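Q: Below is the sequence, then the experimental coordinates.
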Amino acid sequence: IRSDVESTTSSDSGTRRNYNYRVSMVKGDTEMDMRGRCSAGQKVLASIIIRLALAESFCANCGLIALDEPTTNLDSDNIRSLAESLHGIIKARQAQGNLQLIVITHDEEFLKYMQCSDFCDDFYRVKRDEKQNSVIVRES
Amino acid sequence: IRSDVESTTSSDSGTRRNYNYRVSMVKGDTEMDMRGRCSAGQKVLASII
Amino acid sequence: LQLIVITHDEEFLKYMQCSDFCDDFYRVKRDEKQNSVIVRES
Amino acid sequence: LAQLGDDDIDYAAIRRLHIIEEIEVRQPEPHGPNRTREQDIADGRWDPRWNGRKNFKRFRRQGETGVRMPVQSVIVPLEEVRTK
Amino acid sequence: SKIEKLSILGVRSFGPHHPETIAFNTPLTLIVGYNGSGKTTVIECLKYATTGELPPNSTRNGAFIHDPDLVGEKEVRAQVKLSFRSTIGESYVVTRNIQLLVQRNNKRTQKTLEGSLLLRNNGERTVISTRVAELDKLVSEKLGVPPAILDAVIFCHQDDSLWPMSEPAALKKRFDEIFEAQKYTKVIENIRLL
Amino acid sequence: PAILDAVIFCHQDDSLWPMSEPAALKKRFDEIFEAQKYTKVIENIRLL
Amino acid sequence: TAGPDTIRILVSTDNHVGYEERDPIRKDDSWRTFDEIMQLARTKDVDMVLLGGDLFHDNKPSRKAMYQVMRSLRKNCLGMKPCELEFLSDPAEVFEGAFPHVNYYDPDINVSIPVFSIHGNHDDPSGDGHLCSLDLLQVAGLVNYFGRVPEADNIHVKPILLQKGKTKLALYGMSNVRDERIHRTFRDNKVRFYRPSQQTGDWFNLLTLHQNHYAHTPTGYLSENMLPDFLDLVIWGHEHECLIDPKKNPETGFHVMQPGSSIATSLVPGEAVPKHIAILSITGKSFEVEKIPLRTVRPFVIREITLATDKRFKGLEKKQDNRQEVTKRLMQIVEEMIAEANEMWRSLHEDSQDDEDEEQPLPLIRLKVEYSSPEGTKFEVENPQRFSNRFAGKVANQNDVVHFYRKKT
Amino acid sequence: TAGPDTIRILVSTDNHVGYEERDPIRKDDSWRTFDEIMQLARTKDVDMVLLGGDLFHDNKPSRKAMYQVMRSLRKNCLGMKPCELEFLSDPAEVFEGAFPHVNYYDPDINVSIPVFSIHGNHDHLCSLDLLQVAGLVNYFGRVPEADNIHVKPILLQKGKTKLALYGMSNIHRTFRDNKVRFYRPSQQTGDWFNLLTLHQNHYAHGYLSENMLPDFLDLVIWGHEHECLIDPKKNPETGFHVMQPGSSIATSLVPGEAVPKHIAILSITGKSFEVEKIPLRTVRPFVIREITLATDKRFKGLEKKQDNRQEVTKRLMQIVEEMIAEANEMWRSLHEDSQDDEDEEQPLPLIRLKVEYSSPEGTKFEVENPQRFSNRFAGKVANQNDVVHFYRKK
Ligand SMILES: Nc1ncnc2c1ncn2[C@@H]1O[C@H](COP(=O)(O)OP(=O)(O)OP(O)(O)=S)[C@@H](O)[C@H]1O
Ligand SMILES: [Mg+2]
Ligand SMILES: [Mn+2]
Ligand SMILES: [Mn+2]
Ligand SMILES: [Mn+2]
Ligand SMILES: [Mn+2]
């Protein structure tokens, strides 16, 4: 997560202090930007890590993160590649003992990867009843 | 397209003009933030129009 | 109206071609020298 | 009672403007009513090596209603094994 | 640093006559639902439970309350509950309440109601406070996190899940909130009144 | 030129800037309107 | 009439298998009706079954949608009964080169009741290989695919020549095209048909097409009169309305048969007439139709009521604050329809071997309302969603029952 | 061996039909190989073909993926040939209710070579089922639940020979608990040959250990593993031989896929069996090697003390190009016969070069863009997107 301290146009009677923020990638010497030049799967994994990493820096006490449909808009190869990716994070944070991760997905395929690991005791669900009022159930 | 013309804050002696924009979808009287749906077709269509 | 659309979806492109309101679609292809070229097809 | 739409086109002209091309009619062939062994061999359906091989197939071709070959299966029941 | 259990009532699609509850299990808690089944509503309530701020441009028109027409009663009461364990071993529970009235007119007025924070001490219950402005401050301190982060990081809206990968200036804007940079910039502006 | 830059010849994934998020959506209209340049004439004459 | 010189044909269309595949209460109305048509085919000893089109509702049917269609065909189209039809048409011209022979001419499959079809709008060619869902069935050997139109510009239509005894049949196929594209081709006279010439006559001609009959747009509908005069009977395959009774068009000289769907996709007056499939018996130059109603179809009733001119509570709802009473009238309107709907179902299944075993379904109701009123007056309209919700357990389409609207002028 | 008692089985696996058929060059790679498998089935006069599983790459196969698999089966599986296999297990126990009877017992579809497969995927209905309803492929190996493991062998007989075909489709905890229970015929016991094919679950987290299985089996087949090891081996602890059929098309470019691919003909007589491997011709040629830049003698590190960008490309050309030299020759060696009567065209071979550019110290090897490097071989390699992957040891 790179930044520019000197992003302020000199003002005679105004501090006008705005610091530029621009995240970039590195492969060997090259440091080309990721807005483009990368596949869809690369971004979705990127965002999750930043939200993860960023949280602990400010607080370092609460491991609460809430992904939303992270697997949406992904081709077949990436979703499983994404699935194993999340698997590494939780195992890494598992030793730390501080991570309360909430993830929402409506793709039948993606969900089974995490529960198959069997570390999560159960998964919830949301349904529409005869009166179209949301209901919550617990399933193992 | 609901441009907020009241977003402008009142400075001690100045107007400080600034308008805040957010595009919304209308179903009858109700109006929703239009963000968070999964109808990618609707998203692309609305952007186009 | 002079809308321009870019797509490589056989479905999406065939719909408009069969619509009969598109005279033709152009193409971009990588020749033996890996250089882009445009060839017109109807 | 019927709905009439005036499109102002001569249907009689349309009928004579239509072009009709003759299409040849092919002669009929048997639909494999009861093909003999030599017929299949001549057609290359049957391999002479298959002759004398035991067949458990319960299949019957159409037109073979009179001839029926019976198939009897002695079902062997399974036993749960004392798993170590 | 942990959150224990949640309970919704009369929010968006969720019914107003029967509370719905969901409990979070360390480390992962999963939520799957068919398209347009109110999967995202759970997150919104979790946000409003902690930071006490309604979704964006949604506080008008009662966009965050089970629409009164569906139930059929001109008056609708919405409730949100949150149970959690403080940074210290103690654990509290939070509540908030919203009310919405339908007048003779199509127009409807959103009214904020009293909430509270309860102490679930061993075999004892005590009331910490009842003023939401304070409860906003209380809740943040108990969680051990400041309000800025939850606004743009911890509870991210569905569409903008990729905010770190957005337009760079749009990427810039958020950090200004995340750093809580604005409080101190206007302290400098107070030095401009000087 | 502001319309040329923002609306007409839109960038590929930026094609949905009408559905970029509110604050980015706001950064984009303020450009198209040619409004920022006349905010500058106001603030100059205010210093007057 | 069944005889050695008579050919019996079954007619069905717009079966739309898969429609509402995931509604909790209406998931199995899509195919169970279809599974009943074939069961009719085997029971009624029909020679061959001709599907109007739109066999599958979705371009890429899910496994469940496909699986039940293949199961029903396999059970009710394979047997030891020998086919009584002769295929005189050249196999290569109409069919794929992978399996040029007709399915029941195959040596490895004992086909009993050949089934013919033409792809529909919801089942148009697509994908890499220009494959339509039917194509998967045809390779499996269960469905004969014909009437395919490879080039949209030069439309070439070759009939399939069938003969049973002395009865000679010609089957002209013309599959789905963009509605107004077919309007234009016929106008240009580019289209052509290829007549049989072995007799240069004495050939019955049957045509099946899946285009709209009447539309507001002048080009959308394929005008009836544009067809040639040598045809005898035509299978209009798109209009979901049912008018199984054939009618002789005066100017042309042929009868027109419009079957109608097997399921009601859109709750409109058209799809309210009871559903039927026809038994088309052909002998010589003569034909006869024996309409067979479907038993498993979901019941359905639709009523059109305009509040302003409604006799019931015509002026009683004019008083101020009419919201509790407005619903009160309607509750009596719907309950009559519910009773009427449950009456029809009983009539059809009054006597049957499995009448006791079968259970009554939940009838579908739709009440379209116009509530325009003079400016000095107004009627309160309740929430459409709640209004229907009160019928939970009484109507399958719980989410919607009424559709309020005001005419725009 | 080909007699009245010998039973010939053609074993395959991981045919991953539909794999990357979007690409223009490799679209015909997947299903064409499958066709060659069945073409061998009819030509070699087999009695049944045993698919290791994963018959389809995508849980929702595209139409064109299915259309060509069904076309291939119909031409080759259905024929006048008699079947010498006698079915002894009750149909109800190990078949779905729609058509419990094995396909070739059907009174309406003659089957020359029955096809036995393992379950493909779960989304009740699986991808394969669409085939079973048509009767083309028989089914088995389905398991109801992870906790409730019950394996029902399918007993088949030909003359004197007796065959038992256990099916265990698709977690590691259950096996250790010993919940799994095997049904083994105790009548005429000891004269039943035993064959176990198992396709390790894709989504488990953890693989079956050879020591977990019982000791009465004779031969076993591992499906998921893609590297080809066709000749069987015996594990001294277990006491039975194991065979690894290996995939049919290189799904992931790695060292394992390098080894040539074969499908075996598992001949069985009495309690003993013999196996012979048939090389698969149509498979796309594939060559791979890894080169460490620092250690490479050929380079002798002329880049370490100097600039590199200009000549680095020059260096790899000689390495990549010679790989293609043996890429075609081995294809040519296998295509010497028939004088290229069919498929005379020479397919573009697949090449993957694994280079590590670790620098000892004070050295900066220049690395070119992967895509730009790859596309330089357009017309010589099918995988123009990537021909070399550059990585630094961590
Ligand atoms: N005031 C309201 N009254 C009644 N229903 C509402 C109200 N506001 C929103 N809803 C509905 O409640 C549901 C909430 O769904 P969301 O959680 O926003 O989206 P979603 O369920 O996650 O579906 P996805 O994520 O796009 S697949 C939607 O069906 C809304 O139409
Ligand atoms: Mg959502
Ligand atoms: Mn239709
Ligand atoms: Mn139609
Ligand atoms: Mn595999
Ligand atoms: Mn596998």
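A: Good, I have the coordinates. Numbers count the residues shown, from 1 in each chain, chains lettered A, B, ... in the order given. Ligands and ions are numbered 1, 2, ... in the order given.

Q: Tell me where the chain has helices.
A: Let's take chain A. A:40-58, A:76-96, A:108-117 (DSSP state H).

Q: Sorry, I should have been clearer: chain E.
A: E:41-51, E:68-71, E:132-143, E:147-149, E:168-178, E:181-193.

Q: closest to residue G:31 out of these?
A: Among the helices of chain E, the nearest to residue G:31 by C-beta to C-beta is helix E:68-71 (33.4 Å). No exception for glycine: its C-beta is placed from N, CA and C like everyone else's.

Q: follow-up on the earlier one: with mean neighbour count and distance to residue H:90 added, can I get the helices of chain A in CSV?
A: Below are these laid out as CSV (neighbours: other C-beta atoms under 10 Å in any protein chain shown; distance: least, C-beta to C-beta, whole Å):
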stretch, mean neighbour count, distance to residue H:90
helix A:40-58, 17, 48
helix A:76-96, 14, 39
helix A:108-117, 18, 32
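
Q: Now tabulate these in a markdown table and tack on distance to chain E.
A: Listed next are those as a markdown table, based on distance: least, C-beta to the nearest C-beta, whole Å:
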| stretch | distance to chain E |
| --- | --- |
| helix A:40-58 | 4 |
| helix A:76-96 | 6 |
| helix A:108-117 | 5 |
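
Q: can you put these in JSON lines and add distance to residue C:40?
A: Formatted as JSON lines, the helices of chain A follow (distance: least, C-beta to C-beta, whole Å):
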{"stretch": "helix A:40-58", "distance to residue C:40": "32"}
{"stretch": "helix A:76-96", "distance to residue C:40": "35"}
{"stretch": "helix A:108-117", "distance to residue C:40": "42"}
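
Q: among these, which is nearest chain G?
A: Taking C-beta to the nearest C-beta, helix A:108-117 is the member of the helices of chain A nearest to chain G, at 11.8 Å.

Q: which residues sit in contact with whichever residue of the stretch 101-250 of chain G sits closest to chain E?
A: As assessed by C-beta to the nearest C-beta, chain E sits closest to residue G:122 within the stretch 101-250 of chain G, at 21.0 Å. Residues near residue G:122 by C-beta atoms under 8 Å, 6 or more residues apart in numbering or on different chains: G:16, G:54, G:56-59.

Q: does the closest residue to residue G:1 other than its chain neighbours have beta-bridge partners, and which?
A: Spatial nearest neighbour of residue G:1, chain neighbours left out: residue G:281 (5.8 Å); criterion: C-beta to C-beta, 6 or more residues apart in numbering or on different chains. Bridge pairing for residue G:281 (DSSP bridges) gives the partners residue G:8, residue G:288.

Q: In which helix or strand does the spatially most central residue of chain D reside?
A: Closest residue to the average C-alpha location of chain D: residue D:31 at 8.1 Å, with C-alpha atoms, centre = their mean. Using DSSP states H and E, residue D:31 sits in no helix or strand.

Q: What ranges does chain E have for its strands?
A: E:2-9, E:20-23, E:28-33, E:75-85, E:91-102, E:108-112, E:116-121, E:124-129 (DSSP state E).

Q: which one of the ones you listed is the most hemmed in?
A: strand E:28-33 (a mean of 21; mean count of other C-beta atoms under 10 Å in any protein chain shown).

Q: For that strand, list the C-alpha coordinates in CSV.
A: Extracted in CSV, the C-alpha atoms of strand E:28-33 (Å, rounded to 0.1, in the frame of the first residue of the first chain):
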residue,chain,number,x,y,z
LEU,E,28,-15.9,-18.9,10.5
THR,E,29,-19.7,-18.4,10.3
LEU,E,30,-21.3,-19.2,7.0
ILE,E,31,-24.5,-17.8,5.5
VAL,E,32,-26.0,-19.1,2.2
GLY,E,33,-29.3,-18.0,0.7
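
Q: what's the spacing between it and its chain's center?
A: Distance of strand E:28-33 from the chain centroid (C-alpha atoms, centre = their mean, to the nearest Å) equals 19 Å.

Q: and that strand, what does it pack onto?
A: strand A:100-104, helix A:108-117, strand A:123-128 (3 or more C-beta pairs under 8 Å, 6 or more residues apart in numbering or on different chains; DSSP states H and E).

Q: Would you mind giving those as TSV with distance to chain H added?
A: Below are the helices and strands packed on strand E:28-33 laid out as TSV (distance: least, C-beta to the nearest C-beta, whole Å):
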stretch	distance to chain H
strand A:100-104	17
helix A:108-117	4
strand A:123-128	15
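
Q: These: which one's closest to chain D?
A: Of the helices and strands packed on strand E:28-33, nearest to chain D by C-beta to the nearest C-beta is helix A:108-117, at 24.9 Å.
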